[PDB]
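Descriptive analysis of the structure
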Amino acid sequence: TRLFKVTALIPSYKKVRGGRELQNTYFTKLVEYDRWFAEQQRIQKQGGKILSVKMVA
Amino acid sequence: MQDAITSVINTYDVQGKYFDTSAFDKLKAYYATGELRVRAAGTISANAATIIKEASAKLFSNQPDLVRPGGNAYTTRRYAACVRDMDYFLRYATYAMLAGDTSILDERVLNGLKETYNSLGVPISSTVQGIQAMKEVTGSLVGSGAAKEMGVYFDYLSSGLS
Amino acid sequence: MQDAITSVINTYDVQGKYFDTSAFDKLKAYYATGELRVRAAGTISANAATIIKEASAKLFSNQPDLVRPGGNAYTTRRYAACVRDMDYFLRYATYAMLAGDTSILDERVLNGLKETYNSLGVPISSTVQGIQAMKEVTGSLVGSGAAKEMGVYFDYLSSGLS
Amino acid sequence: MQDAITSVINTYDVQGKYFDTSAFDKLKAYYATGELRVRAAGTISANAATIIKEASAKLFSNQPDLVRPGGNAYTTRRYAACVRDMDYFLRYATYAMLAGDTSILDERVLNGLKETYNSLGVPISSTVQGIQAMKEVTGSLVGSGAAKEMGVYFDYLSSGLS
Amino acid sequence: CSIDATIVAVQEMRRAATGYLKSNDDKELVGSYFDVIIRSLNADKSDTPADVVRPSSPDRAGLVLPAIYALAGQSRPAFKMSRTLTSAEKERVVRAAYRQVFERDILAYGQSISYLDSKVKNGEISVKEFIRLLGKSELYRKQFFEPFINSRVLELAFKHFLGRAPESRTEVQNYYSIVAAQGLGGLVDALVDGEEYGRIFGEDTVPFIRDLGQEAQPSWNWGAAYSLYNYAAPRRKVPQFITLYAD
Amino acid sequence: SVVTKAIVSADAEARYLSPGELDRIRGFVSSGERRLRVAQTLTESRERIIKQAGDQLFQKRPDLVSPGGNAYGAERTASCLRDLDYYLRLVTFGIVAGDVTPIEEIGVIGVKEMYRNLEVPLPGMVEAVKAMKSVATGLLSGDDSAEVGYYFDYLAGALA
Amino acid sequence: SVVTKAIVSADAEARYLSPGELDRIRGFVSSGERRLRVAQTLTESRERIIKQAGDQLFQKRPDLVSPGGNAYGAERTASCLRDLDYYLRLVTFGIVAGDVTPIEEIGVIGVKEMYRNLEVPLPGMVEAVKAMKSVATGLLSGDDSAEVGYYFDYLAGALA
Amino acid sequence: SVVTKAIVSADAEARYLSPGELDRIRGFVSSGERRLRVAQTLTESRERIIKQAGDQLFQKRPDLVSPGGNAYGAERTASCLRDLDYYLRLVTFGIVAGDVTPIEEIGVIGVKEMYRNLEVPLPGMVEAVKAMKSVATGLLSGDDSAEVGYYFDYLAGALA
Amino acid sequence: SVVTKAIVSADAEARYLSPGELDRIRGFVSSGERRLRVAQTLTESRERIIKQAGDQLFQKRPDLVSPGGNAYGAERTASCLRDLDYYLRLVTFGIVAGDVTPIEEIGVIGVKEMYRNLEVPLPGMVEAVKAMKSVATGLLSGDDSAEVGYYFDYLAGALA
Amino acid sequence: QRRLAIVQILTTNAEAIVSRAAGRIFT
Amino acid sequence: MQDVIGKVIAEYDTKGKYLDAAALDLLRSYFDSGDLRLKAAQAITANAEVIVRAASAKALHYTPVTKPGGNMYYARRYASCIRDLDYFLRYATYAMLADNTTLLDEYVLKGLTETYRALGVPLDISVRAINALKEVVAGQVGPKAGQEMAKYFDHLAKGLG
Ligand SMILES: CCC1=C(C)/C(=C/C2=NC(=C\c3[nH]c(/C=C4\NC(=O)[C@H](C)[C@H]4CC)c(C)c3CCC(=O)O)/C(CCC(=O)O)=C2C)NC1=O
Ligand SMILES: CCC1=C(C)/C(=C/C2=NC(=C\c3[nH]c(/C=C4\NC(=O)[C@H](C)[C@H]4CC)c(C)c3CCC(=O)O)/C(CCC(=O)O)=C2C)NC1=O
Ligand SMILES: CCC1=C(C)/C(=C/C2=NC(=C\c3[nH]c(/C=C4\NC(=O)[C@H](C)[C@H]4CC)c(C)c3CCC(=O)O)/C(CCC(=O)O)=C2C)NC1=O
Ligand SMILES: CCC1=C(C)/C(=C/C2=NC(=C\c3[nH]c(/C=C4\NC(=O)[C@H](C)[C@H]4CC)c(C)c3CCC(=O)O)/C(CCC(=O)O)=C2C)NC1=O
Ligand SMILES: CCC1=C(C)/C(=C/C2=NC(=C\c3[nH]c(/C=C4\NC(=O)[C@H](C)[C@H]4CC)c(C)c3CCC(=O)O)/C(CCC(=O)O)=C2C)NC1=O
Ligand SMILES: CCC1=C(C)/C(=C/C2=NC(=C\c3[nH]c(/C=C4\NC(=O)[C@H](C)[C@H]4CC)c(C)c3CCC(=O)O)/C(CCC(=O)O)=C2C)NC1=O
Ligand SMILES: CCC1=C(C)/C(=C/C2=NC(=C\c3[nH]c(/C=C4\NC(=O)[C@H](C)[C@H]4CC)c(C)c3CCC(=O)O)/C(CCC(=O)O)=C2C)NC1=O
Ligand SMILES: CCC1=C(C)/C(=C/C2=NC(=C\c3[nH]c(/C=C4\NC(=O)[C@H](C)[C@H]4CC)c(C)c3CCC(=O)O)/C(CCC(=O)O)=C2C)NC1=O
Ligand SMILES: CCC1=C(C)/C(=C/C2=NC(=C\c3[nH]c(/C=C4\NC(=O)[C@H](C)[C@H]4CC)c(C)c3CCC(=O)O)/C(CCC(=O)O)=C2C)NC1=O
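The rules behind each value
Residues numbered from 1 in each chain as written, not as in the entry; some residues may be left out. Chains lettered and ligands numbered in written order. Part of a larger assembly, values for the part shown. Heavy atoms only, no water. Helix = DSSP H or I, 4+ residues; strand = E, 2+ residues; numbered from the N terminus. Buried < 20%, exposed > 50% of the residue type's maximum accessible area, 1.4 Å probe, protein only. Contact = heavy atoms within 4.5 Å. Areas by Shrake-Rupley, 256 points an atom, 1.4 Å probe, with all protein chains shown as cover. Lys, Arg positive; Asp, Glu negative; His and termini not counted. Charge placed at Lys NZ, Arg CZ, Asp CG, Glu CD. Near = heavy atom within 4 Å. Polar contact = N/O pair within 3.5 Å; in protein donor to acceptor, adjacent residues only side chain to side chain. Axes fitted to C-alpha atoms, helices over the stretch in contact; angles between N-to-C directions. Parallel < 35°, antiparallel > 145°, perpendicular 65-115°, else oblique. Nonpolar A, V, L, I, M, F, W, Y, C, P; charged D, E, K, R; others polar. Salt bridge = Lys/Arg side-chain N within 4 Å of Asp/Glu carboxyl O. Buried area = accessible area lost by both parts, 1.4 Å probe. Pairing = 2+ DSSP bridges.

Looking at the PDB entry, chain E carries the name ApcE, with the source organism given as Anthocerotibacter panamensis. Its PDB title, taken directly from the record, is "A1-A2, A3-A4, B'1-B'2, C'1-C'2 cylinder in cyanobacterial phycobilisome from Anthocerotibacter panamensis (Cluster A)".

Per the PDB entry, chain B goes by the name ApcB2 and belongs to Anthocerotibacter panamensis.

**Describing the overall build of chain B**
Scanning chain B from terminus to terminus reveals nine helices and zero strands. The secondary structure elements of chain B, listed N-terminal to C-terminal, are α-α-α-α-α-α-α-α-α. Projected onto the principal axes, the alpha-carbon positions of chain B cover approximately 60 × 35 × 20 Å. Taking all 162 residues of chain B together, 50% fall into the buried category. For chain B, the share of sequence-separated contacts (at least 6 apart) that also reach a separation of at least 24 residues comes to 68%. As displayed, chain B offers around 6,800 Å² of accessible surface, 50% of which is attributable to carbon and sulfur atoms. Of note, chain B has its 16 positive side-chain charges centred 6 Å away from the centre of its 16 negative side-chain charges.

**A short note on the site of ligand 1**
What surrounds ligand 1 is a group of 26 residues, the closest being A:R20, K:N71, K:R76, K:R83 and K:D84. Among the chains of the assembly, those with residues near ligand 1 are chains A and K. In this structure, A:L22 approaches ligand 1 through a main-chain N or O atom, which is 3.3 Å from an oxygen atom. K:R76 is positioned such that a nitrogen or oxygen atom in its side chain is 2.7 Å from an oxygen atom of ligand 1. Protein contact buries 97% of the 900 Å² of open area that ligand 1 shows by itself.

**Concerning unusual backbone geometry**
Unlike most non-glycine residues, F:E119 shows phi in positive territory, near 55 degrees. If you trace the backbone, F:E119 turns up in the loop between α7 (111–116) and α8 (122–139).

**Points about the site of ligand 4**
In the neighbourhood of ligand 4, 25 residues make up the surrounding shell, with D:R77, D:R84, D:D85, E:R104 and E:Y109 lying closest. Ligand 4 sits at the junction of chains D and E, each of which supplies nearby residues. Within the side chain of D:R84, an N or O atom sits 3.0 Å from an oxygen atom of ligand 4. Contacts to ligand 4 include E:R104, whose side-chain N or O atom sits 2.6 Å from an oxygen atom. For ligand 4, whose unbound accessible area comes to 900 Å², protein coverage reaches 91%. Elements supplying a minimum of two residues to the shell around ligand 4: α5 (76–99), α7 (113–120) and α8 (124–142) of chain D. In terms of residues, the shell around ligand 4 owes the most to one element, α5(D), which gives nine residues.

**Looking at the packing of helix α2 (residues 24–43) of chain E against helix α1 (residues 2–12) of chain J**
When two helices pack together, you describe them by how their axes are tilted relative to each other and by the distance separating the axes. Contact geometry of α2(E) with α1(J) gives a least axis separation of 11 Å together with a crossing angle of 70 degrees. Of the possible angle classes, the one that applies to α2(E) and α1(J) is roughly perpendicular. Residues E:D25, E:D26, E:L29, E:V30 and E:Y33 of α2(E) form the contact with α1(J), whose participating residues are J:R2, J:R3, J:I6 and J:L10. The class makeup of the residues in the contact of α2(E) with α1(J) is five nonpolar, no polar and four charged.

**A short note on the arrangement of the chains**
You won't find any contact between chain A and chain G; their C-alpha atoms come no closer than 16 Å. Spatially, chain G and chain J are disjoint, and the shortest separation between their C-alpha atoms is 42 Å.

**Side note on the pattern of salt bridges**
Scanning all chains against the criterion turns up 92 salt bridges over all chains. Close ionic contact of B:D13 with F:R89 constitutes a salt bridge, the shortest N to O distance being 3.1 Å. Pair noted here: B:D13 is in helix α1 (residues 4–13) and F:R89 is in helix α5 (residues 74–97), and the two residues belong to different chains. For the pair shown, B:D13 and F:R89 are each scored as buried. A salt bridge links K:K158 to K:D154; its shortest N-O distance comes to 3.4 Å. Residue K:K158 and its partner K:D154 are located together in helix α8 (residues 123–160), separated by four residues, close to a single helical turn. Through salt bridges with shared partners, a single ionic network connects E:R54, E:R60, E:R164, E:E167, E:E171, E:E196, E:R210 and E:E215.

**A word on the interface of chain C and chain G**
Listed per partner, the contact involves 35 residues of chain C and 32 residues of chain G. Overall, the association of chain C and chain G removes approximately 3,000 Å² of surface from exposure, summing both partners, and the carbon and sulfur fraction of that is 68%. Among the residues chain C hides against chain G, the three largest losses belong to C:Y18, C:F24 and C:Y31. Together they make up 27% of the total. Linking chain C with chain G are one salt bridge. Mapped onto the side of chain C that touches chain G, the elements with two or more residues apiece are α1 (4–14), α2 (21–46), α4 (76–99) and α5 (103–110) of chain C. The element that contributes the greatest number of residues to the side of chain C that touches chain G is α2(C), accounting for twelve residues. Of the residues assigned to the side of chain C that touches chain G, the class counts are 21 nonpolar, six polar and eight charged.

**Section: the sheet that holds strand β1 (residues 3–9) of chain A**
The strand order across the open sheet built from three strands is β2-β1-β3 (chain A), with neighbouring strands paired in antiparallel fashion. In the strand order of this sheet, the two ends are held by β2 (26–32) and β3 (49–55) of chain A, each with one partner. Across the sheet, the axes of successive neighbouring strands diverge by a mean angle of 20 degrees, strand direction being ignored. Relative to β3(A), β1(A) runs antiparallel, the two being bridged by six bridges. When the sheet's bridge partners are listed, A:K5 is paired in β3(A) with A:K54. Relative to the sheet, helix α7 (residues 112–119) of chain K contacts β1, β2 and β3 of chain A, its axis offset from that of β1(A) by approximately 70 degrees.

As structure tokens, this is what we get:
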């Protein structure tokens, strides 16, 4: 239970951003186990949707 | 920042005392003026753009050198920064009036303002004149008692800058 | 940081010289004292909470004003901040004892602390009295030699806050 | 920051008037040196490492004690920091030469330089000597005509330190 | 005023100035320099472009900056890792990250974290995770944790990871709680994983100093903040924000 | 305070107060009279409440005043009752404030660290504040008892 | 040193040293006498190690003292030997410290930039460090030679 | 274990093992015999140690065995003894591994929240751990009982 | 290329190319014929330039061909010729591109470790590149030699 | 230099340009 | 992302040979068209908001997409649509100046399609808006530059489709 591969899309509802912000909205990242609960909470509070999570190790 | 209720709570907390008759008198006095304060704040929120515009007009009429070359309002950029500062002052005077205490004015506005303006080159006296223009505009739109109340906080801002 | 071995290495590096008899004597002195230092460090680590409890009880029994309304340690937050400061003083005194040098106490505790307490309004005399109480409590648990050694660093902290 | 053009424009904008004869003369003088200064900047940009090498060699030959034990440049880290500071001085002198103004030197070098070198214990006179050595090396590399222009800003840095 | 009258006047000056030039390139250049006036006046048919708002927590004031104030050309260039960039600008972004976190490029000493650099370049970690692992490393601990008391560490970490100074007593209080409890790793995690960091920089943008012209600037910390946004900031050991907000 | 909370919420995104914020301030200042009446009753009855709450706490958990306990002794029992007086004062503060902000800023932040530094059992404090809620809501009327119980119950959960 | 590394590792985590760390300091101070003997042996034999290392380096790499070489000339050869003397002193410091921390602080950080600004080849430095490794480990016994060889190995890896 | 910390520290710096970590591995492999003897002694006498330690733990706090405490009750006492049996395995694991990472990974991280869920007091934990330490140091040899006491002191400090 | 840098910098600030960047691309495209003519001229000079650079390097650094040098030996000459050819090709690619990024990517990023692998001295690189620059600028016109000088001195400075 | 020549041309004739625009739109 | 110069340098480095007559001729073709591309860049830069506005008017305004239930029905969603059109126009200009479509794929087409799936963005209406933007851009920049812009715009359209 070491690493999670998370594909997530975080939209924007507070405003419209002029910069690219495409990789910032949809991205796949590797997150440690001790951090994943907090990261999932942050994504869910941002309004984003967690497309998938998988076990790497 | 703190309002009148929190100010009374702190002044009785440092003393290790329960609320006595005077404390309840002060709390009742604040609660009496709450509806008036909400009405004045809503009115000023409704008319903030008008107040800023007419006060800026009065200031730049009585201080023509500000908008002429060499003045600290001489460009559209520099003028826009000035009117944004005017919006700051009106918003924080409304906040302080609604709270009933000048703590927010000292904490979020007045602290470090003279140093910032000295660094930028902003004239503090002209800023005070703009604040007094704000007071003159706001009194008519808010009525007599609300004008007295909001003029207290405009005076606090002016004396803080002065 | 800097410890006794590192201190000797530095003082022989600045002058560019190789180690001589005196340097080897200082290094041997530290190496001999190391076992006692490690025992003391383990004892303090095991009993740090109790040391803080007893030193804080001593200080607040001698000066009840600090925890009564109007005192610097009067709230749950200010009291917890006080005991946190005492915990840090004890841990860094342990670090300096284990290192054999007072560099970490300078750079990592005392550099900027007295001005921080002057700004905050912390009574530094009471803090030094609490550090002395920590010294008294720690000496009994560590024994005579480790008590002398740790009292060196406690007194260093107390004099540095001065 | 500023450049020569921005300084002229602001000088004639704060007054509110068009460019006079002196303005056109200053602009012509700045533009006339432009190609020579660009050639010098390109030569320095391509050859900064060399200039640092001979300048540091000259400095450390004139003052060996810097790179011997007890000298501020005695360590691989402090030697590297020394040559890095030399690279800063060269690059910012080039920036100032291209800008035609010393605003970038005040804003981004001299602001905080005395505090840094006094906190670190760096010898200011030896730094002035190193800047002078870069002055001779750069003048030899880029030709006399560009040498004078670059030496203006090197002298500005030197007088800023001392 | 009449906007139509102003547009007619600017067109008239455009025609007049084009008259005296007697050269096609000069005529078109001055015509463009007048067309910018006409175009801006026509573009402001609706209101002026919206002011950029910097949000805040309940402890510090929320501020606005007119969009006119920001677009004077002084905005810092964002260093972003796109995962499709070639090696050169990938190294450019990495060097920007080093300059931000360590206040300077530490390749001047030959110091780097090679595996972290490889991970950020190839995409295993993002720029945010690179910044976090870089502020939690032995190099950062040696440079900006050991020589300082926890309050100064707090302030310099604000500068290095949030690109700004602390703005509140509540802010320094909370982050001192975090550092005093959890060490450097906890402090860096709290700074990077906050809402403000993702708000401003995100996953792929190296942090930058948010000084005058980038965002609206607070007034209450002005002198201390601009002492902090200076390379002489580590030369000071006494904390300057806890002391100020207590003063 | 409710007003302070509304003002900081408005100030966070740099705007004048929304109609909802003005409405909540209006409701808060509309309820001032009952808040003052309740706080006046609690202050009037501070001695009675502290006395009965201390009695009930010490009967329910005799081990606190049993030898070897934390509150054993006249002086330590006095300190125990002084803490209850502290928290009753804070509850009255939070009642006049309209929220639990004074309670939290004075007697909830770091309270666990403080009571671990004192060998004060947290379940004992939970029982004490629960007993003090029972006694206090006993005196007050039905409508006011619930809103006082909310404050006492927040404090109990904070200690727990 | 070992103590400094343990203490800073604990400090950066806001915790006391773990029993494993205290075992580290115990084992380190236990081996103090051997480290002091090794450092004394190297310090007493410094002048011979420098000359033998220089001879081995120049015989293995005649180019450096060849015409057009970096160390060509009396002064340049003297500076070469002086650098070797520095690194021998650094190795003794690291031996007494129990880690490469003195070598890393005084001699490794910025060495490549330094020697680049001095047009000093780095392969020549690695060969010189290997030669001094051979000469110094020749003196010591097998267990002591194995200990000193690793400090010389860290130096060679840093220079390369 | 010790090799674990050395390897991960080497990973954090992207090079091979530095001399202090080599000293780790040398001491760790050289001291394996004595620590294995310690672990065998602790596991062979675990059944007596846990029961005796529960006995003096009951002696130290008359309140725990008294009604209203988690220790009261036959099956609750069995649960307490089973928890002590759990912790003894962890201490033996730490002695074998030479570090407290096996101890941290089971029963140290999150232990406070777990016991708050169980309503079990923490001073009971620290005094029980002191009981196991005292009963272990008696039968075990002094040199071994030293490091066993260091490990138990660490675990108690984690609880306290 | 210049356009690549301009586009990257324009994306960095999230806006269309500034008039300064647009004028940069103006000057870049307007000078395309001259830069391609210079690069083509560098081509007809293949063996000539390679050999004058080589023998100038041998004269300047006899150690390379002297015994004990890394390039000593006839077989090393075959690698010498193609290495100088590679660097010349990179210089031409940079000349047409208008920036040193092809040089940095193909022959500079990782060259340091590469020649550390081959035990190659960087001073040999700087002297060889200086010989190439001397020969090429001697062959090319002064105005064009000035433009090629930036590329060759960048190669020298980056190689060390 | 070319831009400075253009600027010289416009600054010499500035009064005429401003007066011409004013006449076109005023009175 | 790479230019034409970057692409030819990469190809000839992979082959390992110097730039021959053919590569020099392609480089001359790129540099000769440089002035035209720069003029079209001036035109797009000056009138970018006008172009996006015309494209929105002709493609999007009075279709049901701006009606409630449509994907553009919000102030925020409409602003985001105009912002996306700004993206497409600016990066088409970047691709034209680069004379290459790789930056479109790496910067704009990297993860855009499934992101539009997740957000619920319609592909066909987006392609229609891109085509309308292409017509407006061609009208503003003339036939010669519009021919070049068309390649990048329908590259975006194929990437969406
Ligand atoms: C530079 C490369 C790049 C692209 C291409 C890009 C597109 C893009 N458009 C978005 C939102 C959006 N985009 C649109 C526009 C679509 N819906 C309309 O009907 C049209 C058919 C169509 C545009 C022509 C809308 C309506 C949203 C809001 C989505 C929502 O809130 O549900 C988002 C989500 C992030 C945000 O809302 O700020 C992205 C990533 N972003 C990028 O950084
Ligand atoms: C070059 C850049 C630049 C310009 C031009 C500029 C104009 C400008 N004119 C102003 C006032 C004014 N401007 C005008 C009208 C004039 N305005 C012109 O565009 C018309 C030709 C003409 C009338 C047909 C008037 C009547 C006022 C008085 C205040 C008001 O309009 O409310 C103001 C507000 C400050 C003040 O009240 O004195 C600005 C900022 N600012 C700039 O940074
Ligand atoms: C919430 C409390 C608060 C205040 C008050 C505040 C003032 C403030 N005013 C500023 C600029 C400015 N402020 C002014 C205003 C003055 N100029 C004079 O002519 C007039 C008397 C007056 C306009 C009515 C101007 C002109 C500038 C621009 C300075 C410049 O750009 O050089 C700036 C720097 C730019 C920025 O916002 O980032 C600050 C921080 N900041 C705060 O956080
Ligand atoms: C562009 C603005 C700027 C400047 C000016 C600047 C100078 C500067 N030099 C520093 C260190 C240093 N600087 C030197 C300079 C040398 N000492 C010798 O005696 C010579 C006289 C002298 C140069 C010829 C040295 C030796 C150090 C190391 C000091 C130490 O670490 O204790 C440091 C501390 C940070 C570090 O070690 O990297 C700064 C900030 N940094 C900047 O960002
Ligand atoms: C490791 C180096 C270091 C130390 C020690 C340190 C101490 C420190 N103590 C603080 C508060 C405090 N410190 C104390 C403790 C004192 N008052 C009591 O009366 C005692 C006599 C005495 C302790 C024995 C108290 C009561 C506070 C609360 C003050 C306040 O919140 O206003 C604070 C400010 C926390 C905040 O933001 O509110 C710091 C930074 N900081 C450091 O970086
Ligand atoms: C306004 C916020 C505030 C609070 C709440 C507060 C509590 C507080 N309680 C204390 C002692 C005490 N507190 C208690 C109360 C506990 N004993 C039993 O276990 C009960 C479960 C429980 C009471 C219901 C006792 C018995 C002591 C005496 C401990 C001793 O002196 O050894 C002390 C130390 C006083 C000293 O220096 O002697 C403080 C500061 N302080 C504050 O500034
Ligand atoms: C304690 C850390 C430290 C080191 C290591 C150090 C090295 C150092 N070596 C130097 C010169 C030198 N160093 C060498 C040695 C080279 N010759 C051959 O090429 C070999 C590859 C190699 C030696 C094995 C030579 C020949 C010089 C003279 C070159 C000159 O004149 O600049 C110098 C220039 C000043 C001087 O000569 O005194 C320094 C500072 N300085 C320090 O503060
Ligand atoms: C190795 C990792 C591990 C630990 C640390 C652990 C502690 C632990 N002890 C438990 C039961 C218990 N344990 C105790 C004993 C406590 N009461 C007294 O105060 C004693 C001093 C103290 C001894 C620890 C009691 C009374 C219970 C019953 C709690 C209950 O089930 O409601 C339980 C809940 C088991 C259940 O009922 O389903 C856990 C998780 N369990 C583990 O798997
Ligand atoms: C296009 C980018 C590129 C470069 C530059 C490159 C250089 C390169 N030169 C190599 C060998 C070498 N190259 C040299 C030549 C150099 N060393 C000496 O010090 C001389 C000073 C100098 C000649 C001027 C030598 C000595 C070797 C090792 C044996 C040999 O000659 O092949 C090798 C190892 C594989 C092989 O033998 O071919 C590489 C990769 N490879 C590349 O893909």
